[PDB]
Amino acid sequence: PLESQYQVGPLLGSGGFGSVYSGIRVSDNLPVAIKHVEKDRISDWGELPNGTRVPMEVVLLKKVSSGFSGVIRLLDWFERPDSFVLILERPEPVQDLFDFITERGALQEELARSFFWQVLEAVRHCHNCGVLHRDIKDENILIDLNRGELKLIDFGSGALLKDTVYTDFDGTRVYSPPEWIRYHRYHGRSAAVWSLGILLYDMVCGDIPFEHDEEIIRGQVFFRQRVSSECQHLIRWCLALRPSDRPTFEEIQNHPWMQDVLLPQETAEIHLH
């Protein structure tokens, strides 16, 4: 069963997402993460191509599953009487972006550009697979320290991507857009761009731009750190109050600040050495 196949290690973290343990797949010693999600805390349920009733998180993970290293890979899953157990990949050595920024402070723009570009490629992969993450933030990004490769994780607040309005949200409030705060309505892509603006500001300033609902609604962006004019322009564009004024993923990737990105290996050599 699950217990024989995996050697359970220390608790890595717990919160809204459930409880996550470090682990090792007994067969080939592969490092894994073991995520426990309780059934009574699962609001969104879905169906696999075979028809089994599983949490939406499992449906979304299977849709994004591929060799592309920018998004976490679900290795296996198990149903228990009161919970679901997810076996996910675990890079080693690794650090999440929240811990990285906490430890190092505001990131050099060259590093932020490499990290932000990789997040953009990971989000485009989710969207191409028909998945909306809905919780893009530093805590949901892993840094593979040896490779300089980032991984988007935690599809627990996600949904199938649609072109109609979303009226439900259970991601991070401080990353949520002003249309959600004011109207309890948002469209997938433009809400994702807002959260990307919050994330980019967080990378280059070392903290998020808004704390309160009033601040999000006003959308006045103040730079507390020295940030280049092109980077400030890109951030302010992603953080446009009107969702239709926000750039598309293509416009973000074609922005002058996004040019000449380092390769992940060059990023590891210069900044993660």
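By rigid core we mean the largest C-alpha set that fits within 1.5 Å across both forms. Quick note: we count residues from 1 along the sequence shown, nothing fancier.
Remark: when the other structures in 4 other deposited structures of this protein are fitted onto this one via the rigid core, 48 to 56 deviates more than the alternative among 48 to 56 and 212 to 220, judged by RMS CA distance. The stretch that strays farther, by root mean square C-alpha distance over structures and residues in 4 other deposited structures of this protein after a rigid core fit, is 36 to 44, when 225 to 233 is set against 36 to 44. Mean C-alpha B-factor is higher over 5 to 13 than over the other stretch, the pair under comparison being 5 to 13 and 257 to 265. Mean C-alpha B-factor is higher over 38 to 46 than over the other stretch, the pair under comparison being 214 to 222 and 38 to 46. Residue set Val26, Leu234, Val227, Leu61: peak C-alpha B-factor at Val26 (per PDB entry). Between the residues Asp154, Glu92, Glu149, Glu139, the entry's highest C-alpha temperature factor is the one at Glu92. Annotation for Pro209: C-alpha temperature factor in the lowest third relative to the rest of the modelled chain, per the entry. Ranked by C-alpha B-factor against the other modelled residues of its chain, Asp163 falls in the middle third. Annotation for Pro81: CA B-factor lies in the highest third of the chain's modelled residues. For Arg182, the recorded CA B-factor ranks within the highest third of the chain. Only modelled residues enter the ranking. Compared with the other modelled residues of the chain, the Cα B-factor recorded for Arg113 ranks in the lowest third.
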